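Protein chains: 2
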Amino acid sequence: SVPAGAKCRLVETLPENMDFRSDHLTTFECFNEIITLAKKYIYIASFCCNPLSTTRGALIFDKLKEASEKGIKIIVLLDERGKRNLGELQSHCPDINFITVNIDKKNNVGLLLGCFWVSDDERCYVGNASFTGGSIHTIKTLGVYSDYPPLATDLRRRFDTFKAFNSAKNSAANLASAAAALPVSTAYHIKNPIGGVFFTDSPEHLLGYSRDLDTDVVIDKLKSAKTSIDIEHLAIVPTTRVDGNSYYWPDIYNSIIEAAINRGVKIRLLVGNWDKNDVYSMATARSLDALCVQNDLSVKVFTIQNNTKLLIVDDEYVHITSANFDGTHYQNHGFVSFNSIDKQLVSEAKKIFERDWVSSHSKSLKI
Amino acid sequence: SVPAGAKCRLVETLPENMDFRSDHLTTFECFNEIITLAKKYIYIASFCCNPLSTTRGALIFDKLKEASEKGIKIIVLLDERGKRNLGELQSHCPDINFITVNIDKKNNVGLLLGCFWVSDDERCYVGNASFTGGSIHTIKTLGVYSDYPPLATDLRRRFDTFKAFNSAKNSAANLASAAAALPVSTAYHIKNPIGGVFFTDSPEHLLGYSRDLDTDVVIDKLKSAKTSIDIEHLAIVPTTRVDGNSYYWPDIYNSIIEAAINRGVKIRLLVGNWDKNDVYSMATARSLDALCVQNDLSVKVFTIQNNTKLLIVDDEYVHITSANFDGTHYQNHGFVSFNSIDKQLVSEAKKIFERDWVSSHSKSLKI
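Sequence lines, in order, name chains A and A'. A prime marks a further copy of an entry chain.
FYI, in PDB author numbering the residues of the first sequence are 6 to 372.
FYI, in PDB author numbering the residues of the second sequence are 6 to 372.
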């Protein structure tokens, strides 16, 4: 049979200077385990790659450096905009293969997020802790780890799609005929989950014909919410700035308010504090402030470095990703989102949100 | 051949105590002409019916009373919620047939708006001037009049659909099998306009298979706007109160902001002033106020009694209706909207908006 939850356990970074505590597997423990048990390969994919920025990040880099010297095939995918450190990285690990990726050479907007590890088609991490010293040590993150080969193998398929967009000669990023020849495969989706777990994907032009668009799955779960919606993202503003122009995209923003007003859903938003100079953030905040008075919407803000992207619906479905709920991300950026309906794993994430909601780093919205 | 504009001319009510002036046909002149030229029937449909509230309204009622005594079939459709005056009306005109309509006996939300006259399948008025003394004399209204039989006959078909929902025995309002036996017919729509003119309809459950849903046509024109969007409605708030519960519906509200931000459309909103106690109106205003600073959105408010429901896009398409751009209306209420792409008639409406925009009764939004 298949184990419930697909051997998934929560993984988070809780910096020393922050009051967050838990018994979960730490990001440092997780990355150290993946390298220690590796026998074949270690595939890593995140936007930026800068392990040497903190103490624990540099230790992870040494263990990874030692693995590549022992004969482990190690590939690190980073977006071509996180290319500044590439010289520093290769000089430290000449045996690790670093690959810069541009998933959107047509419009130069789509960024590689992914944010996952996978090794030997057995172990994997999915979350919002990039392969940077900050995400490993000093920045609050949240992710999932599983030693279930059927699940990790499905995540490795996401790595095959991103690696195809290398900035090297006639590949899937430079030739459209080679991008159409990509078997963009998945084994589990919302229609066929594994132990109550499945991955959703983005953007739509890399989705293929079998994968689930994360945009569709998230909005569906928001609109299907019957009781509660808990979200811990960076921002829920319906307007973001791509290039140098503002981009309006209220798709996620609407489905949340639709739940609060039309369906009476209790909603708690734990977002980052906004710029007093950004009129789009000020206006969105004053709109949310008025909805708290009339409906059951609650908003708290944080100012710490926090990459947590968490969504919980009805204490029945959990969504952990590396992208933020806005138009820039869900229309262009390439990432993998963790989805689970296992009540037990969902209960552990609900405990995480409850802790963060009452943390000292979470103050109630005031305008 | 067919005349351009379909013999359509603008009709508006400009009360004495207001600075609005024009050379157009007045609502009082228009209703007086329809009655004077009538030889067969005069069909009237509006929410409320109260002609005796003003001097000019009572004169219209006398001319209509005289027509019914001369052998003209006169039917007045009013919603069952405007039934208070029914005793006063029938005692004054025993020969006029008054019919109370309930288009939504399932949920008791949908109201009859329509707001049009039609006579002899030759003449007709469409607009926002109800058959009340206020709309004829003391309230600013805007409408269209045409003596083109092919257009007026298509409007009479809208009257056949509403009359079927009388509150009398087994009819289309009380039997679902008789409501399905309704030939909900139209001759002209956006795909087949007459002289650049066509009617759109609402709600969707009375639309039939051939008519255009006003919701779809309006949003399409908003999203297709390339340069300008001028709107003079009562409110553009994405939240309205049906029954005793708030209803969130940002479909129209979004497509406007989408034009201003994503497409740089110059937009001017002339809406009514809001309640300082309504948090949904206060929040929507403060959101619009921030969009005026960053984009080309402009908002002015009025406090006079004004039923004007006007939309102009790119100086190329005009939309005049009796419903307000909100969820309560475009999801439940039954009305007829005037649509014209005749550049000449559109230019006359653009002159109307320009006058209203700089009127003394239009002050710039301040919060």
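Quick reminder that beta carbons are idealized off the backbone N, C-alpha and C, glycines included.
Taking Cβ positions only, does residue i come closer than 8 Å to chain A?
{"i": "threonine 232/A'", "result": "no"}
{"i": "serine 369/A'", "result": "no"}
{"i": "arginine 163/A'", "result": "no"}
{"i": "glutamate 21/A'", "result": "no"}
{"i": "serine 292/A'", "result": "yes"}
{"i": "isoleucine 224/A'", "result": "no"}
{"i": "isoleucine 79/A'", "result": "no"}
{"i": "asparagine 337/A'", "result": "no"}
{"i": "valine 276/A'", "result": "no"}
{"i": "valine 284/A'", "result": "yes"}
{"i": "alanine 240/A'", "result": "no"}
Determine whether the Cβ of residue i lies closer than 8 Å to any Cβ atom of chain A'.
{"i": "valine 298/A", "result": "yes"}
{"i": "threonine 60/A", "result": "no"}
{"i": "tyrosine 253/A", "result": "yes"}
{"i": "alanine 288/A", "result": "yes"}
{"i": "residue 398/A", "result": "Within the shown structure, residues of chain A are numbered from 6 to 372, placing residue 398/A beyond reach of any answer."}
{"i": "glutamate 237/A", "result": "no"}
{"i": "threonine 244/A", "result": "yes"}
{"i": "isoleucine 39/A", "result": "no"}
{"i": "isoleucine 261/A", "result": "no"}
{"i": "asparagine 267/A", "result": "yes"}
For residue i, tell me which candidate among the options has the shortest Cα-Cα distance.
{"i": "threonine 244/A", "options": "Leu218/A', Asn259/A', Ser233/A', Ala157/A'", "result": "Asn259/A'"}
{"i": "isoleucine 357/A'", "options": "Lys314/A', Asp109/A', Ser151/A'", "result": "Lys314/A'"}
{"i": "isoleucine 266/A'", "options": "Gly277/A, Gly269/A, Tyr252/A", "result": "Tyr252/A"}
{"i": "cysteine 129/A'", "options": "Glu34/A', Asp280/A', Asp84/A'", "result": "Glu34/A'"}
{"i": "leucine 316/A'", "options": "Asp235/A', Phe36/A', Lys228/A'", "result": "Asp235/A'"}
{"i": "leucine 82/A", "options": "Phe103/A, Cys98/A, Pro198/A, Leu180/A", "result": "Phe103/A"}
{"i": "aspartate 67/A'", "options": "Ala50/A', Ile49/A', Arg89/A', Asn37/A'", "result": "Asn37/A'"}
{"i": "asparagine 171/A", "options": "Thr146/A, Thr105/A, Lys110/A", "result": "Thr105/A"}
{"i": "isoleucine 257/A", "options": "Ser286/A, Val222/A, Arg291/A", "result": "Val222/A"}
{"i": "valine 306/A", "options": "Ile101/A, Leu30/A, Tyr335/A, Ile241/A", "result": "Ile241/A"}
{"i": "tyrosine 193/A'", "options": "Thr146/A', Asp206/A', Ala181/A', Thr220/A'", "result": "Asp206/A'"}
{"i": "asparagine 337/A", "options": "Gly213/A, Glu209/A, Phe343/A, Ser215/A", "result": "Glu209/A"}
{"i": "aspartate 294/A'", "options": "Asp294/A, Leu293/A, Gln299/A, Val284/A", "result": "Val284/A"}
{"i": "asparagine 250/A", "options": "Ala50/A, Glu127/A, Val114/A, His97/A", "result": "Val114/A"}
{"i": "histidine 29/A'", "options": "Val131/A', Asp125/A', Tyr150/A', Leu239/A'", "result": "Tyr150/A'"}
{"i": "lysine 355/A", "options": "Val298/A, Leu147/A, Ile195/A", "result": "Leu147/A"}
Quick check: what's the CA-CA separation for residue i versus residue j?
{"i": "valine 7/A'", "j": "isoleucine 224/A'", "result": "28 Å"}
{"i": "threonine 326/A'", "j": "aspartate 217/A'", "result": "14 Å"}
{"i": "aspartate 331/A'", "j": "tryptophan 254/A'", "result": "7 Å"}
{"i": "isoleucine 79/A'", "j": "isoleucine 47/A'", "result": "5 Å"}
{"i": "residue 432/A'", "j": "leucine 94/A'", "result": "It is not possible to answer for residue 432/A', since the shown part of chain A' is limited to 6 through 372."}
{"i": "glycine 269/A'", "j": "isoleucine 262/A'", "result": "10 Å"}
{"i": "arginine 14/A", "j": "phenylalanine 121/A", "result": "14 Å"}
{"i": "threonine 308/A'", "j": "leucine 370/A'", "result": "12 Å"}
{"i": "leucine 296/A'", "j": "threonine 32/A", "result": "42 Å"}
{"i": "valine 323/A'", "j": "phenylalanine 164/A", "result": "52 Å"}
{"i": "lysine 168/A'", "j": "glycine 277/A'", "result": "32 Å"}
{"i": "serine 96/A'", "j": "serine 135/A'", "result": "20 Å"}
{"i": "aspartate 126/A", "j": "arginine 360/A", "result": "33 Å"}
Cutting at 8 Å between CB atoms, please list the residues of its own chain near residue i, excluding the five before and the five after it.
{"i": "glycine 10/A'", "result": "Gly200, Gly201, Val202, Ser345, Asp347, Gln349, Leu350"}
{"i": "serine 352/A'", "result": "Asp320"}
{"i": "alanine 63/A'", "result": "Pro56, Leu57, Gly138"}
{"i": "residue 379/A'", "result": "No answer is possible for residue 379/A': it lies beyond the span of chain A', which begins at 6 and ends at 372."}
{"i": "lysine 145/A'", "result": "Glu17, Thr18, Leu19, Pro20, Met23, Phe25, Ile309, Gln310, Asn311, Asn312, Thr313"}
{"i": "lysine 228/A", "result": "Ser260, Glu263, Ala264"}
{"i": "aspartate 100/A'", "result": "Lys70, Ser73, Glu74, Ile79"}
{"i": "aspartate 219/A'", "result": "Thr205, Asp206, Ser207, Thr326, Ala328, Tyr335, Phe340, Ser342"}
Using a Cβ-Cβ cut-off of 6 Å (strictly less than) and excluding sequence neighbours within five positions of residue i, which residues of its own chain qualify?
{"i": "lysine 231/A'", "result": "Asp319"}
{"i": "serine 365/A'", "result": "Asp24"}
{"i": "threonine 333/A'", "result": "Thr245, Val247"}
{"i": "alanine 184/A'", "result": "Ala177"}
{"i": "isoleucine 40/A'", "result": "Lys68, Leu69, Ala72"}
With a CB to CB cut of under 7 Å and the five nearest residues on each side skipped, what residues in its chain are close to residue i?
{"i": "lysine 271/A", "result": "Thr232, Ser233, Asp301"}
{"i": "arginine 291/A", "result": "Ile372"}
{"i": "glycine 87/A'", "result": "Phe52, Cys53, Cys54"}
{"i": "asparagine 90/A'", "result": "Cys54, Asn55"}
Ranges of the alpha helix (DSSP H) found wholly within the segment 320 to 370 of chain A, counting only runs of at least 4: Entirely contained in the segment 320 to 370 of chain A, the alpha helix (DSSP H) runs reaching 4 residues are, in chain order, 332 to 337, 348 to 362.
Residue ranges of each alpha helix (DSSP H) within the segment 68 to 154 of chain A', 4 or longer: 91 to 97, all fully within the segment 68 to 154 of chain A'.
Could you name each continuous beta strand (DSSP E) segment of 3 residues or more that falls completely within the segment 208 to 238 of chain A', going from the start of the chain to the end? If we require 3 residues or more, the beta strand (DSSP E) runs fully inside the segment 208 to 238 of chain A' come out as 233 to 237.
Report the residue ranges of all alpha helix (DSSP H) runs contained in full by the segment 11 to 69 of chain A; include only those spanning at least 4 residues, in chain order. List check, alpha helix (DSSP H) in window: 32 to 42.
In the segment 167 to 201 of chain A, which residue ranges form an unbroken alpha helix (DSSP H) of at least 4 residues, counting only runs that do not cross its ends? Listed in chain order, the complete alpha helix (DSSP H) runs (minimum 4 residues) inside the segment 167 to 201 of chain A are 181 to 185.
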